[PDB]
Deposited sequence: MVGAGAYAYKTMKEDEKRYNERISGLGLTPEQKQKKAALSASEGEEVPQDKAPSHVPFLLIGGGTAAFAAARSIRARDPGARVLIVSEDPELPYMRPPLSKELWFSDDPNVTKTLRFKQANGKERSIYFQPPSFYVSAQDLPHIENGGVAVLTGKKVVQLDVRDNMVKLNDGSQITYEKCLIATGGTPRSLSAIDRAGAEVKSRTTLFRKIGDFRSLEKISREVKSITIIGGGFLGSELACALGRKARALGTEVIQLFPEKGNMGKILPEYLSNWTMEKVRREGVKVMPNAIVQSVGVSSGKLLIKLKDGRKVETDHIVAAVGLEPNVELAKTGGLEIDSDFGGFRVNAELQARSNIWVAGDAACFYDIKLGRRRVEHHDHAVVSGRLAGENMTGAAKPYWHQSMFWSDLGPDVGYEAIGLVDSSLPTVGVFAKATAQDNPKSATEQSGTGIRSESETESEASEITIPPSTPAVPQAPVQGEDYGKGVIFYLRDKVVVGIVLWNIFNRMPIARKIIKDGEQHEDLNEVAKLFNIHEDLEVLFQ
């Protein structure tokens, strides 16, 4: 309840990276006292289920329980730990053997790097010995929607939190037409999710984006096209090559006008058009932000200053093997958050273990990716029963990124390929490492 005046380990933001760092610290410093300061009233929880498993649950009380069944059939909660796992912030300095506390509903509004101090929105001040910035990011919006009136904004969801899942799940049961703007994995996952729900009600789900196919920036054109067909088969009207010119309300309906002259009538909009790193604290903290990738600029060890690290979506870090990056993946927040916790306890380790990404777009599509995955890089695809396959992303004749298409339990192989940096003469032989033959 009441924030202590001083804490050894202070973690800013109560998300995935923060929780991984808290567990990492406690593992290496058993009696450590870690304080997470989270503006969100919720305790740390994982987000991937918010766009997937929580929508495919048979339990009608899922919106209340926030529980789901994993791939192996085991049921669990999206929260990393139950409330009993944590200690209260007030008892954190006094409790024997320390623990992990979460100060929910409180925002760090000022970072005093000189005096190792943070100021909260309620005027409280907390001094620290080692600080992790794990603020993640805010979902971006459209300028066309920003310029629109207040009703348009109130009928637009920026999907990221538990509150967005509950509000949107209720909307899906109240309106007849939901439009998703954005072709990325998130927008495509929400389209498949709302798509399955729409079938029970006979409602409409629309997805439009500027690219020529789903994940146009990520997957090569041919696979992006195939994926778009699978999204359509999930009960989605996909409108590629769509750039939003303006948005307004006409007779109660939302009217989306595209630059190509087309117009779309809908009841509600979901905007999935990228993430904005939360770097407000860089101003008072005098911390550097990366102008190319956004976010806090940190080195290979995720360190910004003597006792300040950054992990998760907010951390623009230097990859020794792949260059400066900023990754927005669940496993990355775990890996980078875990790494930060180790470095905050003297590990002095650099980012080395490459984190992975995954996405599920209906039952027939499951993606796993790792490394530099971008459609503008040269690509070589090897497939077998359309069906499954691997896509290698090349730079300087070396594989720097891999996308696995309906191939599971083989990420270590992909990680080793990127690691060794070997110049392969025939990627067909390399595809056999992923059980792709013929």
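No C-alpha positions are given in the record for the deposited-sequence stretches 1-49, 435-483, 537-543.
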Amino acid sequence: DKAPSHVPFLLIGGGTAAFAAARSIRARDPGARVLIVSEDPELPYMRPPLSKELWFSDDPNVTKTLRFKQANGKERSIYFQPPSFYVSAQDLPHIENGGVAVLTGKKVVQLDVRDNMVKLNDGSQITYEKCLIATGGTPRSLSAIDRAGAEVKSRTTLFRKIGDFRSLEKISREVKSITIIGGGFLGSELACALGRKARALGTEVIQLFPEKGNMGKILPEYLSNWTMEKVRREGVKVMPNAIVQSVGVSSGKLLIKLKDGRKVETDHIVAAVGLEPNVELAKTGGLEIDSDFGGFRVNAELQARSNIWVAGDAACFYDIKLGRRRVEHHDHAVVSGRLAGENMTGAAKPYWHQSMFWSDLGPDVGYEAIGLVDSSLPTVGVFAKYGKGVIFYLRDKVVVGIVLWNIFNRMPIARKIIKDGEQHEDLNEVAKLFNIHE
From here on, numbers count along this sequence of modelled residues.
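Note on 320-328 vs 88-96: mean CA B-factor is higher in 88-96. The deposited model assigns a higher average Cα B-factor to 68-76 than to the other stretch when 68-76 and 350-358 are compared. Going by the entry's values, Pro30 shows the largest Cα B-factor out of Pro48, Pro30, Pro44, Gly401. Taking only the listed residues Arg297, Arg233, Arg140, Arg305, the entry reports the highest CA temperature factor at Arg233. Among the modelled residues of the chain, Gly366 sits in the middle third by CA temperature factor in this PDB entry. Among the modelled residues of the chain, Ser24 sits in the middle third by CA temperature factor in this PDB entry. Looking at the C-alpha B-factors along this chain, the one for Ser250 belongs to the highest third. Annotation for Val238: C-alpha temperature factor in the middle third relative to the rest of the modelled chain, per the entry. Among the modelled residues of the chain, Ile407 sits in the middle third by CA temperature factor in this PDB entry.
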